[PDB]
Amino acid sequence: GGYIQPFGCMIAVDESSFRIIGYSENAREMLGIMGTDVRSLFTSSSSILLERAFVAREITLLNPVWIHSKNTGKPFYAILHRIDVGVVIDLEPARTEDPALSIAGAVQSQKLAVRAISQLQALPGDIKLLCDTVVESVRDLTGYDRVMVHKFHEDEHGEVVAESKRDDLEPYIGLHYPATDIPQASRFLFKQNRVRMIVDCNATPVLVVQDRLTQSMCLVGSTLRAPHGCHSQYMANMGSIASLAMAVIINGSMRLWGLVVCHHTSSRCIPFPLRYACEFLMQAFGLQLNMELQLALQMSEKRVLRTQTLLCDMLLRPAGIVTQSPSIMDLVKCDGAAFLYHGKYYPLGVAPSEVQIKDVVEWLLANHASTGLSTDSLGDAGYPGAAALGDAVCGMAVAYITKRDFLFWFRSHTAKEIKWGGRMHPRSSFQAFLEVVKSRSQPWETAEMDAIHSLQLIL
Amino acid sequence: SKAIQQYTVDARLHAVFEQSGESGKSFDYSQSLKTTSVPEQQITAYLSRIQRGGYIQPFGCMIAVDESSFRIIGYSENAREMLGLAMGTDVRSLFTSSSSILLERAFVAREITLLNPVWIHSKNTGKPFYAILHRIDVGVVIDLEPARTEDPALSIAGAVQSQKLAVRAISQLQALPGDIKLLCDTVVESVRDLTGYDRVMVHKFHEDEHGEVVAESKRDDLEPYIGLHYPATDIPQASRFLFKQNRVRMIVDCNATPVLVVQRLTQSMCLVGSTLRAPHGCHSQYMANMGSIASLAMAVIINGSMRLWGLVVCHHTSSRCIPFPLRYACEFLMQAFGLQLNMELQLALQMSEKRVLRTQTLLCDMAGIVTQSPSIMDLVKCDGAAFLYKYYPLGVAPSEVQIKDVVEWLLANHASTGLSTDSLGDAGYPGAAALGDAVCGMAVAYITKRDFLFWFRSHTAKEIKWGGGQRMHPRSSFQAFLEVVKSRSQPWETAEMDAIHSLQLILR
Amino acid sequence: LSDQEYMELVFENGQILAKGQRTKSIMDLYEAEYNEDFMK
Ligand SMILES: *C(C)[C@H]1/C(=C/c2[nH]c(/C=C3N=C(/C=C4\NC(=O)C(C=C)=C4C)C(C)=C\3CCC(=O)O)c(CCC(=O)O)c2C)NC(=O)[C@@H]1C
Ligand SMILES: *[C@H](C)[C@H]1/C(=C/c2[nH]c(/C=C3N=C(/C=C4\NC(=O)C(C=C)=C4C)C(C)=C\3CCC(=O)O)c(CCC(=O)O)c2C)NC(=O)[C@@H]1C
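Residues numbered from 1 in each chain as written, not as in the entry; some residues may be left out. Chains lettered and ligands numbered in written order. Heavy atoms only, no water.

Per the deposition metadata, cryo-EM was the technique used to determine this entry, at a resolution of 2.90 Å.

**Topic: the pattern of salt bridges**
For the record, the criterion: In what follows, salt bridge is the name for a side-chain nitrogen of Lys or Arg lying within 4 Å of a carboxyl oxygen of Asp or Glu. Secondary structure is summarised from DSSP: a helix means a run of H or I of at least four residues, a strand means a run of E of at least two, and numbering begins at the N terminus for each. Between buried and exposed lies partly exposed: a residue is buried under 20% and exposed over 50% of the maximum accessible area for its type, with that area taken using a 1.4 Å probe on protein chains only.
Enumeration according to the criterion identifies 33 salt bridges over all chains in this entry. With a closest N to O distance of 4.0 Å, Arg168(B) and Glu58(A) form a salt bridge. Highlighted residues: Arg168(B) in helix α6 (residues 152-174) and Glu58(A) in the loop between α2 (44-55) and β4 (65-68), drawn from two different chains. Its relative accessible area of 38% is what places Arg168(B) among the partly exposed residues. Exposure remark for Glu58(A): the relative accessible area of 44% places this residue in the partly exposed category. Close ionic contact of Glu163(A) with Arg146(A) constitutes a salt bridge, the shortest N to O distance being 2.7 Å. With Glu163(A) in strand β8 (residues 158-165) and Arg146(A) in strand β7 (residues 146-152), this residue pair connects regions lying 17 residues apart in the sequence. Accessibility classification places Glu163(A) together with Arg146(A) in one group, the buried group.

**Examining the interface of chain B and chain A**
To be explicit about the condition: Pairs of residues are marked as contacts when any of their non-hydrogen atoms sit within 4.5 Å. For any pair of parts, buried area is found by adding up, for both, the accessible area (1.4 Å probe) each one loses once the two are put together. Any pair of nitrogen or oxygen atoms within 3.5 Å is treated as a polar contact; in protein, a donor-acceptor pairing is required on top of that, and neighbouring residues in sequence qualify only through side-chain atoms on both sides. Residue classes follow a fixed rule: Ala, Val, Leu, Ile, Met, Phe, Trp, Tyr, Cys and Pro count as nonpolar, while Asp, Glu, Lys and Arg count as charged, and any other residue, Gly among them, counts as polar.
Listed per partner, the contact involves 45 residues of chain B and 42 residues of chain A. The junction of chain B with chain A conceals about 4,400 Å² of combined surface from both sides, 65% of it contributed by carbon and sulfur atoms. Along the contact surface separating chain B from chain A lie nine residue pairs in polar contact. Elements with a contribution of two residues or more to the side of chain B that touches chain A: α6, β12 (294-303) and α10 (324-365) of chain B. The class makeup of the residues in the side of chain B that touches chain A is 28 nonpolar, 10 polar and seven charged.

**Quick notes on the site of ligand 1**
Residue and element names in this part refer to chain A. What counts, and what does not: Residue proximity to a molecule or strand is established when one non-hydrogen atom of the residue lies within 4 Å of it.
Close to ligand 1 lie 17 residues; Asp181, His228, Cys230, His231 and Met238 are nearest. Contact between ligand 1 and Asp181: a nitrogen atom at 2.5 Å from a main-chain N or O atom of the residue. At a separation of 3.0 Å, an oxygen atom of ligand 1 approaches a polar backbone atom of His228. Mapped by element, the contributors of at least two residues to the shell around ligand 1 are β10 (195-198), α6 (229-238) and β12 (242-251). Counting residues per element, the shell around ligand 1 draws most heavily on α6, which supplies four residues.

**As for the sheet that holds strand β5 (residues 75-82) of chain A**
All names here are of chain A. Spelled out, the test is: Following DSSP output, two strands are said to pair if at least two bridges run between them.
One open sheet holds the seven strands; their spatial order is β1-β11-β3-β2-β6-β5-β4, and the pairing between them is antiparallel. Bordering the open sheet on either side are β1 (3-4) and β4, each of which pairs with just one other strand. The pairing of strand β3 (residues 20-24) with strand β11 (residues 206-210) spans three bridges and is antiparallel. Note on β11: the bridge partner recorded for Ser24 is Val208.

**Considerations on the UniProt feature "binding site: phytochromobilin" in chain B**
All names here are of chain B. Using the following cut-off: UniProt positions are given in the numbering used here, feature names are shortened, and annotations may be inferred rather than shown by experiment.
Following the UniProt record, one finds the feature "binding site: phytochromobilin" at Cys282. Summarising the element assignment, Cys282 is placed in helix α9 (residues 281-290). Relative accessible area serves as the criterion here: at 26%, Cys282 is assigned to the partly exposed category. In contact with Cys282, not counting residues within four places along its chain, are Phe17 and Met472.

Structure below.
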């Protein structure tokens, strides 16, 4: 069996007969204590609560169960989930032994969530402000030494887009890392239980003993699951001894937009009420973020349509499209652009020389002789050159207008706009990412190709 | 604005109701609305009565404590009854040691309290209470709402189940097709399942501040209300203001006997921060007439600086008192609904702008603006339109002679680059009667000394349908509303006038 | 985060107006207040 973090216990019992299938090694010590009835290890009301949880059609509705051990009477929070052959309960000790304080905390787990979400309501089309507000709220609730918002990109590589740290620590905003740092399995696991918590990396994992059993049960859904070899040492290097990642889920069938990752320089365990306050705040944050993304898409469509209308007005009033304040560099987020017309070359911004464009159009007529390619790396696309262009002109989007008249949008390598100052470690990840996109521009988004095609089809 | 003017009307109606009660007579809703400046004393008295009152609902205790030495400075008459006590004694002696200490901690904290509400136990009986504290300009108010004598695990389980049901409702909300009506229906069903009330409705406040029932979920025995429009005065502005602070308003039993609040002090205590605040007499009469014995209302606040877009109203045909955690869950679900609704409204505005832009372009390309598919009537929401050069009728429009007379009146009294009226009679057109209610509202755009663009719209009730007045009852409210809008059409929005003037400029 | 403060409508002058009545983190507040020493 796998391993679990030593701050909690796990007991796996048969769904029907309520007998022990398996258990973590430390369970017997933590409870004050194979194949035996589980209900004899707790008080009676606890046993009826457990039976109600088991019989429930959707066990998730009764997850955080308040239970008392029969041998000590101390309270535990149980969380239940059905693996494929039974049920598993993760037991975390509760700090408060007072029923009054317990009820007060359970109620203010909701009160704090509502209070925090009120601030999100207060904000007036600005994802940056939203992310900073969320980070500040989460740092106030949790008290971690660092909180950041990682956004995942179309290429599945992440960027730290917001942060809130101590004064003594170093900033990470603007840091990019390759997608391989977060395995795809974990990204899948974040559409499952949406909160990962690591209390202390430098902690001996505890073995899960299983009974005469078939293929070992999967702990992929448990919350006490120990961290893996990569990430434990990666964190030890990074200088973070505790962590708490919370998924940001939006619509897209649901998709993962990013994470809210918190780091602490020492072992830390957040109480349940604040944990659930954070969970509810995350739900609200994802909702608002999804709506913001939709509205941003609509506004971008509006802007592109107006730009295209002006360009059409001029184009019907040839070359003048590339001579006025509005120009072909306004449809797309491009470092440069160019227009070939009757053999005349009209470059704007970072564009290659005339002979270079003649060579590239000859190459196009040789290999892609069509309507127009679009690549984030000219050298990789099959262009024999791309060394004379250095890092100034890397990605190209082409639109064929005639047999000799063409439109080009040029984009420089994806390190020009990346600004961050400064073994498994963030610096190594940044250098690896820079190697990955070497001479590679940003992807030409689908909407941008739609705009280019709209301009093309009307000329 | 009309919202600020409505305070005088509220004061007048409140005075009329008080007079009718004094004389022992009935309250004549129809004539009260028909016949209704005001001295500052009357408005001050109205606001003090609503917000100072003196009575609470008899489903809990209220105690006011002075922050110094914890001395009582006022309490409801039933406080002793539940706490199985005199003005100027120690509140900490009523409860047990642990509860007293937790209350001291709730007192000490500043700018935020994590012991609020507090689970306390009375000294003499051990009865569990939820103590809810807040600050008033003379001390603190403690609302004691009784609790159920169950094991702590069961209270925690109830709170957990309420939380999870709210979470499921929000998950269903987010995972919806891109339609405000579907959102309203979904939230109506979710809230009805969560709470357990016999009826749930969504009220939308219009530009005139008058309400409307846009969604509803009821048991099959009750009469439906979806589709009803009632005048703005049914909800006084003081309550709407209070709704942006107390997002959840609960009335347990409209037929219960209010309890007097016993109270050095110069003025009556303020109860706007208390949930035990009993309702006014005439809303209790309204509820009795409707047949609703309980009620629960939740505010739909959207960012517009927060606006009250509307309300979600729950009704039960008998007394009903839900616990506090379920009220928290309802508030959370309402916050999610408000966020979604705000963003839906913004998206709808953007789509409307897009559609109007496409229509304007098509019209500019190609009087062809009438004798073609995307004609002028598509520019704005109207029941008809016309272009006067010769006259080109289209849709519900006045005859050539009627429009000729309208133009003569426009020249006589306005000479002006545009008109936007929702009632020709209110404007003062002599021939409005000859148009009946087909042509009530008119928008006119000037093209030149002789060319005009007309957009005609008919009376509001044309698009208002519901299955149904001296007594205060929903039928009386609907009849009064229909009385208000007689020769008046729907109001021309700002966006519609922007589009009208855009086309005017482009044509000229 | 902070506690809710309530505002009372008044009719002052010739206008209606609403008249009114931290360094530690929420975790530190929770630890400070939900503490069980006072029960020996
Ligand atoms: C191992 C050779 C590879 C790898 C594996 C790996 N990664 C995760 C999950 C995470 N790693 C993250 C990455 C970062 N954390 C940071 O602080 C920064 C930058 C400042 C980076 C780049 C993130 C995000 C996570 C979240 C997981 C979490 O628990 O918080 C895992 C999951 C293991 C587990 O026990 O859950 C694994 C095995 N990471 C590498 O660097 C290389 C490529
Ligand atoms: C009394 C003389 C005047 C008045 C006062 C009044 N109105 C309210 C609040 C509400 N009235 C509502 C009206 C309706 N409720 C319904 O279900 C329907 C059905 C279509 C109608 C027309 C609504 C809604 C409310 C809010 C509900 C809530 O829970 O508050 C109040 C509020 C008092 C309070 O204590 O909350 C008062 C004092 N109503 C009149 O008609 C006259 C003019």
